[PDB]
Amino acid sequence: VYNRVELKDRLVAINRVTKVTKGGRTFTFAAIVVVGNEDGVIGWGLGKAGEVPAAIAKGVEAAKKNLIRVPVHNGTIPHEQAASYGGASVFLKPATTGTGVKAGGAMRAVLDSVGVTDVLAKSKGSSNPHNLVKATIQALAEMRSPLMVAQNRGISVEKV
Amino acid sequence: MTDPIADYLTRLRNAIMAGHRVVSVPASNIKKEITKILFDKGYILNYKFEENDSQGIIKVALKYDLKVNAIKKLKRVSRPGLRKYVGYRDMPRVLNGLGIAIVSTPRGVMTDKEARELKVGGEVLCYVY
Amino acid sequence: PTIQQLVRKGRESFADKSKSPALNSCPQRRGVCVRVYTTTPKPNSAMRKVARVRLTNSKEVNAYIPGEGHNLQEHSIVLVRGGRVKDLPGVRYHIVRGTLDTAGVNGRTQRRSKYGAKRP
Amino acid sequence: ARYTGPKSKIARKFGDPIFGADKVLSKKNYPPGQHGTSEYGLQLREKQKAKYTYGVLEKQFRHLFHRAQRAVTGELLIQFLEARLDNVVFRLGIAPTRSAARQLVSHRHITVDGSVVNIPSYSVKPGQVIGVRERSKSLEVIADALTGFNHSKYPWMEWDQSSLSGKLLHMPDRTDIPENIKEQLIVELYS
Amino acid sequence: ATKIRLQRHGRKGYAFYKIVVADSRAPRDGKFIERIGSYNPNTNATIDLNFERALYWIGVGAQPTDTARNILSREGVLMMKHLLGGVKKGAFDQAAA
RNA sequence: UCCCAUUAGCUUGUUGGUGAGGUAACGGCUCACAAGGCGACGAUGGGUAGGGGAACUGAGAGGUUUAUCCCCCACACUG
RNA sequence: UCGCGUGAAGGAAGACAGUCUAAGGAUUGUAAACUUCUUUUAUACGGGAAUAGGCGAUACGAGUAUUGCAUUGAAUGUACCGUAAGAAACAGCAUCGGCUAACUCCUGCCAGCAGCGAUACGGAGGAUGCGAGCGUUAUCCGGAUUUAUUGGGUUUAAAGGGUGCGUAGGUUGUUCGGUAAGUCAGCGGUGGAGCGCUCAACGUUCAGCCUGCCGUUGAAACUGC
RNA sequence: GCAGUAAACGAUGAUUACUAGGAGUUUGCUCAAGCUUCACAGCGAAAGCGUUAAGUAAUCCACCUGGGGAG
RNA sequence: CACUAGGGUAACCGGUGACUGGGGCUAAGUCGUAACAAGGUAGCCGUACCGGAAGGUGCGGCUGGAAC
Ligand SMILES: [K+]
Ligand SMILES: [K+]
Ligand SMILES: [K+]
Ligand SMILES: [K+]
Ligand SMILES: [K+]
Ligand SMILES: [Mg+2]
Ligand SMILES: [Mg+2]
Ligand SMILES: [Mg+2]
């Protein structure tokens with residue numbers, strides 16, 4: 001995964017995460033954030049702070065710190081790709097130019113942050129936000145451009 | 001042995017996973033054809049055939065970048081338990097045209113591109129990309 | 001399983017049961033009020049009005065009476081529809097208000113069509 | 001059916017002057033109700049804005065949407081909405097507002113290609129003539145809206161005041177139609 | 001017997017007839033052997049007709065109804081009198097009138 | 001071209017041959033030697049359905065159901 | 001199921017409701033003042049669905065004139081007065097979801113779920129959907145990959161037979177030739193653009209699949225023999 | 001001579017081919033069989049498995065489709 | 001020759017019956033404390049015998065057990 005170290009922020013989900021102590025229950029606040037510039041660079045992070053704005057800010061900082069470069073062309077994907085992370089599995093396929101993003105939720109947030117316009121996306125695992133976004137970014141990272149495939153194989157006129 | 005072609009694909013895949021540079025195989029005619037197809041399509045560095053007292057040996061030197069192999073996935077399609085036959089009009093595209101499918105046809109053993117050019121179908125041996 | 005195992009045996013698909021089996025694939029049935037009584041919920045502690053009714057399809061069931069104020073009594077012809085109550089084991093049917101012997105709720109000005117009350 | 005209700009309430013709800021100019025657009029401009037949002041809320045606001053500004057109900061709007069999908073879908077849905085008898089009559093200036101245009105079309109006052117058409121949802125293809133009835137060219141209300149105003153700010157209408165007719169050159173592109181509607185939101189909602 | 005007739009294939013208030021070749025025992029809009037044209041009495045009356053097939057069936061001996069006989073009288077299908085070789089060999093042209 | 005093996009053997013004109021009769025017509029269709037035939041690729045027995053194109057519905061794989069319509073089959077209180 | 005109407009443009013913050021003694025919501029909403037009639041009513045004209053004796057002459061076909069013929073039916077449509085006049089409901093507003101004040105009750109009740117017994121129960125005021133409909137129940141599909149050939153699994157969540165031998169069945173190292181059953185190919189047979197509904201549902205025509213079955217010619221890489 | 005059950009357990013069916021290292025041990029002689037625990041890639045929900053796989057593949061068999069009712 | 005009608009034995013599909021036994025859910029009134037910690041005698045599987053009741057004991061097996 002090429003790290004490639006302005007991107008807008010998208011809040012995927014927040015969680016009311018608790019703790020048990022003899023005195024009582026102490027509550028934290030977690031948040032998954034994805035940063036992207038709709039260009040081919042997307043990062044994700046997890047903020048774990050007390051207040052909701054503090055958690056969102058920490059997640060934004062973590063997502064900005066951890067960024068990768070996703071090879072894209074126009075607004076579609078070069079080929080179909082399936083990837084599983086944890087209890088979640090994702091499948092992405094290219095679609096027609098006048099189709100838009102056909103998926104909702106964490107998949108929609110990740111694909112909007114990466115800027116892909118036309119894509120057919122389906123989730124076959126669980127609806128966990130962490131594993132879902134991680135599987136989607138893994139699927140995007142394992143994606144090879146036609147130029148990259150040509151460079152790895154040799155000649156660039158292999159498709160003929 | 002049950003499926004020698006699947007065994008050949010598995011040997012190649014295991015060598016790629018282990019990051020070896022060469023791999024040896026007990027030779028066969030259809031496997032000689034498959035490795036010739038792979039070499040002319042640009043997935044391995046080179047090959048060599050050694051005709052010994054046995055059926056023979058195939059030695060394949062694989063292709064690595066300046067450390068990623070040129071081959072990403074090998075998938076056997078027509079297994080003995082379920083044979084797959086297709087025509088030229090319904091032949092499949094592997095990795096949306098960036099990968100190949102080895103196909104045995106009455107005109108010989110070639111890929112899906114050459115098979116669709118020659119308008120002939122047959123057995124789909126494997127998907128390679 | 002293997003391909004030959006599937007060829008020999010195959011796959012078996014079950015049938016989903018109907019949530020209202022006493023209706024016999026009908027929207028509503030007609031019955032007579034065999035008994036009119038009151039039941040206690042399974043953390044609610046209310047007094048829910050129910051009627052045991054013998055439907056014309058040769059079946060006896062328990063039907064809840066929604067709303068506040070029922071003019072029904074024993075041996076009354078009622079219209080019974082589907083729909084169960086969560087906090088009451090047993091009962092799984094409702095009695096339509098404003099149909100046959102059952103009368104609409106008096107003094108209702110909202111949700112009138114669900115309790116059979118005309119426009120005032 | 002038709003809305004036939006209060007218009008300033010919708011105007012203050014949506015902020016934009018969809019029906020036209022009013023004093024309430026600048027005085028007491030806030031959503032209605034004594035007590036006065038998720039992306040569902042904004043998408044619903046956009047769809048209802050289009051429906052209220054074009055006088056279309058839900059089933060007809062859905063039919064228009066999937067007709068546009070069959071034949072950018074959000075881009076040509078807006079021109080499909082614009083290509084309507086009442087809307088074209090209103091844009092030709094012969095009637096003050098879209099409700100007035102709808103009433104004029106529904107009554108026996110408007111002809112298409114010389115034949116009177118009184119369906120105020122008839123799609124008007126390019127290269128067609130829409131004109132006032134020859135028996136209704138001398139109405140007191142019919143003339144003050146067209147004559148005097150004479151906006152003619154749309155580069156897809158030909159007016160020809162010497163015949164009181166009008167022609168649609170072609171379907172205008174999505175940038176030249178002065179409607180503040182984000183079609184991406186509506187196509188995402190209906191997708 | 002084999003007949004040439006019209007089946008009402010349209011909408012209420014708009015009669016559109018299909019000219020077919022069918023047995024006399026078949027239902028009006030049911031089974032037929034061959035479709036040979038269309039007919040619409042609402043216009044001022046558009047008639048589609050397969051000339052060759054209509055000639056073949058009227059030659060093998062399919063009896064047309066009254067309206068189908070009028071439709072065959074139009075479009076010059078009953079020229080079998082002229083085509084019977086009535087002490088001649090040329091073909092006249094009455095279609096221009 | 002539906003389920004049941006908590007349905008394993010079934011059939012004695014049943015399988016074939018000769019001859020005759022009968023039929024629009026071949027034929028155990030019927031009437032006067034050899035013995036067979038059919039079954040774990042499900043015979044036989046039991047339960048339930050009229051069958052298709054349509055129609056509805058799924059990207060596809062398909063599936064559901066015959067409400068109107070069309071084609072075939074069976075029936076006309078029961079034999 | 002489709003289409004239309006229940007009016008169109010201006011008119012400041014009436015009386016009556018709510019929530020706060022004034023302010024805000026109803027609210028440009030009503031009331032008058034100016035036009036229009038789709039539609040209803042009363043009258044008139046009123047289509048279309050209706051097309052089917054001589055003159056060649058082969059002596060009869062066949063081609064040409066005339067005649068009556070509408071159940072629907074004042075039915076489409078066209079035209080004439082005098083009028084906004086005759087024409088809007090239903091559901092839900094604590095999360096999922098679009099939509100919030102006050103009074104009741106504090107059991108009566110409500111619910112698809114988290115459940116509340118109230119920004120959840122009943123009413124009053126406003127709000128939000130849809131709209132001649134709106135909800136409730138019943139039945140069937142998809143999401144469901146919840147039978148997984150495409151496309152699931154079996155250490156601990158359900159799931160390896162106590163272990164072997166073995167019948168039917170399923171699978172078959174390498175190579176040289178034949179055949180043509182599987183496989184492949186060819187050739188035959190069969191089974192979106194307009195037009196009219198004033199628009200639309202809907203009628204109707206041609207470009208367009210027949211990719212299922214059968215016949216007949218060839219190919220031999222792979223499976224079978 | 002019957003009976004045919006078990007936490008009859010590695011709670012892990014049989015066969016074939018391939019893929020990293022450390023610590024011991026038995027037999028046949030540094031090599032090959034076997035025998036058990038830490039441990040790459042990979043797999044897994046995790047505990048963990050890891051050349052004796054629960055990794056990569058192929059062939060056949062057995063079994064599962066929410067919990068009680070109920071073996 | 002067989003449509004029926006008649007007697008009789010045999011099936012299958014069904015009702016009812018003096019009396020006699022499981023299961024589910026709601027109450028929880030009573031009696032003990034079997035399991036969850038070494039749950040106060042480690043637990044569980046099979047089998048046999050014996051008890052108001054959960055259970056106890058004998059023989060073999062397992063760790064899905066401590067503790068040494
Ligand atoms: K005519
Ligand atoms: K380990
Ligand atoms: K105890
Ligand atoms: K104990
Ligand atoms: K043991
Ligand atoms: Mg309607
Ligand atoms: Mg288990
Ligand atoms: Mg075992």
# chains A, B, ... in the order shown; residues from 1 in each chain; ligands from 1
call {"tool": "residues_near_ligand", "arguments": {"ligand": "ligand 5", "cutoff": "10 Å", "atoms": "only C-alpha atoms (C1' of nucleotides) and all ligand atoms", "output": "PDB file with N, CA and C atoms (P, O5', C5', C4', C3', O3' and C1' of nucleotides), in the first residue's frame"}}
result
ATOM      1  P     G G 162     -20.156 -42.932  15.455  1.00  0.00           P
ATOM      2  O5'   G G 162     -18.655 -43.430  15.622  1.00  0.00           O
ATOM      3  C5'   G G 162     -17.743 -42.755  16.475  1.00  0.00           C
ATOM      4  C4'   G G 162     -16.572 -43.641  16.811  1.00  0.00           C
ATOM      5  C3'   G G 162     -15.789 -44.181  15.625  1.00  0.00           C
ATOM      6  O3'   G G 162     -14.802 -43.271  15.174  1.00  0.00           O
ATOM      7  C1'   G G 162     -16.300 -45.945  17.111  1.00  0.00           C
TER       8        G G 162
ATOM      9  P     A H   6     -22.770 -43.957  21.667  1.00  0.00           P
ATOM     10  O5'   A H   6     -21.614 -43.708  22.736  1.00  0.00           O
ATOM     11  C5'   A H   6     -21.927 -43.195  24.018  1.00  0.00           C
ATOM     12  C4'   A H   6     -20.701 -42.944  24.861  1.00  0.00           C
ATOM     13  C3'   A H   6     -19.523 -42.259  24.198  1.00  0.00           C
ATOM     14  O3'   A H   6     -19.724 -40.867  24.036  1.00  0.00           O
ATOM     15  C1'   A H   6     -18.768 -44.000  25.621  1.00  0.00           C
ATOM     16  P     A H   7     -19.156 -40.104  22.743  1.00  0.00           P
ATOM     17  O5'   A H   7     -17.818 -39.409  23.254  1.00  0.00           O
ATOM     18  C5'   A H   7     -17.835 -38.437  24.295  1.00  0.00           C
ATOM     19  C4'   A H   7     -16.438 -38.151  24.789  1.00  0.00           C
ATOM     20  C3'   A H   7     -15.886 -39.132  25.818  1.00  0.00           C
ATOM     21  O3'   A H   7     -14.488 -39.293  25.601  1.00  0.00           O
ATOM     22  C1'   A H   7     -15.834 -36.955  26.701  1.00  0.00           C
ATOM     23  P     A H   8     -13.897 -40.730  25.215  1.00  0.00           P
ATOM     24  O5'   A H   8     -14.175 -40.851  23.656  1.00  0.00           O
ATOM     25  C5'   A H   8     -15.157 -41.743  23.162  1.00  0.00           C
ATOM     26  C4'   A H   8     -14.527 -42.899  22.432  1.00  0.00           C
ATOM     27  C3'   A H   8     -14.426 -42.765  20.922  1.00  0.00           C
ATOM     28  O3'   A H   8     -13.297 -42.013  20.509  1.00  0.00           O
ATOM     29  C1'   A H   8     -15.333 -44.872  21.467  1.00  0.00           C
ATOM     30  P     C H   9     -13.368 -41.099  19.192  1.00  0.00           P
ATOM     31  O5'   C H   9     -12.640 -39.749  19.618  1.00  0.00           O
ATOM     32  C5'   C H   9     -11.330 -39.437  19.154  1.00  0.00           C
ATOM     33  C4'   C H   9     -10.629 -38.459  20.067  1.00  0.00           C
ATOM     34  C3'   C H   9     -10.215 -39.012  21.429  1.00  0.00           C
ATOM     35  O3'   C H   9      -9.019 -38.361  21.850  1.00  0.00           O
ATOM     36  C1'   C H   9     -11.668 -37.191  21.739  1.00  0.00           C
TER      37        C H   9
ATOM     38  P     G I  60     -12.000 -49.203  37.614  1.00  0.00           P
ATOM     39  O5'   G I  60     -12.140 -48.652  36.127  1.00  0.00           O
ATOM     40  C5'   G I  60     -11.758 -49.454  35.021  1.00  0.00           C
ATOM     41  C4'   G I  60     -12.352 -48.958  33.726  1.00  0.00           C
ATOM     42  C3'   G I  60     -11.891 -47.598  33.240  1.00  0.00           C
ATOM     43  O3'   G I  60     -10.607 -47.621  32.643  1.00  0.00           O
ATOM     44  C1'   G I  60     -14.228 -47.764  33.002  1.00  0.00           C
ATOM     45  P     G I  61      -9.647 -46.339  32.748  1.00  0.00           P
ATOM     46  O5'   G I  61     -10.306 -45.278  31.760  1.00  0.00           O
ATOM     47  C5'   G I  61     -10.381 -45.533  30.367  1.00  0.00           C
ATOM     48  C4'   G I  61     -11.266 -44.537  29.661  1.00  0.00           C
ATOM     49  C3'   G I  61     -10.832 -43.083  29.726  1.00  0.00           C
ATOM     50  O3'   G I  61      -9.812 -42.777  28.795  1.00  0.00           O
ATOM     51  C1'   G I  61     -13.146 -43.240  30.164  1.00  0.00           C
ATOM     52  P     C I  62      -8.744 -41.624  29.111  1.00  0.00           P
ATOM     53  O5'   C I  62      -9.563 -40.274  28.924  1.00  0.00           O
ATOM     54  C5'   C I  62     -10.000 -39.849  27.643  1.00  0.00           C
ATOM     55  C4'   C I  62     -10.796 -38.573  27.733  1.00  0.00           C
ATOM     56  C3'   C I  62     -10.079 -37.384  28.355  1.00  0.00           C
ATOM     57  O3'   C I  62      -9.271 -36.691  27.420  1.00  0.00           O
ATOM     58  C1'   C I  62     -12.234 -37.607  29.307  1.00  0.00           C
TER      59        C I  62
END
call {"tool": "residues_around", "arguments": {"residues": "residue 41 (chain G)", "least_positions_apart": "3", "cutoff": "12 Å", "atoms": "only C-alpha atoms (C1' of nucleotides)", "output": "PyMOL selection string"}}
result
chain G and resi 81-83+85-86
call {"tool": "atom_distance", "arguments": {"atom1": "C1' of residue 61 (chain F)", "atom2": "CA of residue 128 (chain B)"}}
result
25.3 Å
call {"tool": "residues_near_ligand", "arguments": {"ligand": "ligand 3", "cutoff": "12 Å", "atoms": "only C-alpha atoms (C1' of nucleotides) and all ligand atoms", "output": "list in words"}}
result
residues 32, 33, 34, 35, 36, 37, 39, 40, 41, 54 and 55 of chain I
call {"tool": "select_by_dssp", "arguments": {"residues": "region 3-34 of chain B", "states": "helix (DSSP H, G or I)", "output": "MDAnalysis selection string"}}
result
chainID B and resid 4:18 29:34
call {"tool": "write_last_selection", "arguments": {"atoms": "C-alpha atoms", "output": "PDB file, in the first residue's frame"}}
result
ATOM      1  CA  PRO B   4      -2.065 -32.613 -12.716  1.00  0.00           C
ATOM      2  CA  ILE B   5      -2.984 -29.189 -14.138  1.00  0.00           C
ATOM      3  CA  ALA B   6      -4.278 -28.106 -10.727  1.00  0.00           C
ATOM      4  CA  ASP B   7      -1.077 -29.514  -9.217  1.00  0.00           C
ATOM      5  CA  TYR B   8       1.001 -27.425 -11.642  1.00  0.00           C
ATOM      6  CA  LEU B   9      -0.950 -24.270 -10.787  1.00  0.00           C
ATOM      7  CA  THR B  10      -0.611 -25.038  -7.075  1.00  0.00           C
ATOM      8  CA  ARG B  11       3.154 -25.552  -7.377  1.00  0.00           C
ATOM      9  CA  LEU B  12       3.510 -22.208  -9.158  1.00  0.00           C
ATOM     10  CA  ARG B  13       1.326 -20.454  -6.576  1.00  0.00           C
ATOM     11  CA  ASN B  14       3.227 -21.957  -3.634  1.00  0.00           C
ATOM     12  CA  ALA B  15       6.577 -20.954  -5.145  1.00  0.00           C
ATOM     13  CA  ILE B  16       5.260 -17.412  -5.661  1.00  0.00           C
ATOM     14  CA  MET B  17       4.006 -17.262  -2.063  1.00  0.00           C
ATOM     15  CA  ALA B  18       7.340 -18.563  -0.741  1.00  0.00           C
ATOM     16  CA  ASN B  29       2.418 -32.147 -22.911  1.00  0.00           C
ATOM     17  CA  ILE B  30      -0.483 -29.927 -21.834  1.00  0.00           C
ATOM     18  CA  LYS B  31       1.716 -28.388 -19.132  1.00  0.00           C
ATOM     19  CA  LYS B  32       4.417 -27.670 -21.717  1.00  0.00           C
ATOM     20  CA  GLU B  33       1.737 -25.908 -23.759  1.00  0.00           C
ATOM     21  CA  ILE B  34       0.536 -23.958 -20.708  1.00  0.00           C
TER      22      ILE B  34
END
call {"tool": "interface_residues", "arguments": {"of": "chain C", "to": "chain H", "cutoff": "9 Å", "atoms": "only C-alpha atoms (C1' of nucleotides)", "output": "number ranges by chain"}}
result
C: 2, 4-5
call {"tool": "write_last_selection", "arguments": {"atoms": "N, CA and C atoms", "output": "mmCIF file, in the first residue's frame"}}
result
data_model
loop_
_atom_site.group_PDB
_atom_site.id
_atom_site.type_symbol
_atom_site.label_atom_id
_atom_site.label_comp_id
_atom_site.auth_asym_id
_atom_site.auth_seq_id
_atom_site.Cartn_x
_atom_site.Cartn_y
_atom_site.Cartn_z
ATOM 1 N N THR C 2 -19.784 -32.464 -2.224
ATOM 2 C CA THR C 2 -19.238 -32.648 -3.557
ATOM 3 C C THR C 2 -20.344 -32.564 -4.604
ATOM 4 N N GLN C 4 -21.025 -34.726 -6.973
ATOM 5 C CA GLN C 4 -21.751 -35.989 -7.054
ATOM 6 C C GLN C 4 -22.692 -36.169 -5.868
ATOM 7 N N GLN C 5 -22.284 -35.715 -4.680
ATOM 8 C CA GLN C 5 -23.178 -35.760 -3.525
ATOM 9 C C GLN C 5 -24.427 -34.925 -3.769
#
call {"tool": "residues_near_ligand", "arguments": {"ligand": "ligand 1", "cutoff": "7 Å", "atoms": "only C-alpha atoms (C1' of nucleotides) and all ligand atoms", "output": "ChimeraX atom specification"}}
result
/E:41-45
call {"tool": "interface_residues", "arguments": {"of": "chain F", "to": "chain E", "cutoff": "12 Å", "atoms": "only C-alpha atoms (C1' of nucleotides)", "output": "list in words"}}
result
residues 69, 70 and 71 of chain F
call {"tool": "write_last_selection", "arguments": {"atoms": "C-alpha atoms (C1' of nucleotides)", "output": "PDB file, in the first residue's frame"}}
result
ATOM      1  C1'   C F  69     -56.437 -13.890 -22.760  1.00  0.00           C
ATOM      2  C1'   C F  70     -54.791 -18.032 -26.265  1.00  0.00           C
ATOM      3  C1'   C F  71     -53.495 -23.689 -27.365  1.00  0.00           C
TER       4        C F  71
END
call {"tool": "select_by_dssp", "arguments": {"residues": "chain A", "states": "strand (DSSP E)", "output": "VMD selection string"}}
result
chain A and resid 8 to 15 29 to 36 41 to 49 67 to 69 81 to 85 88 to 93 120 to 123
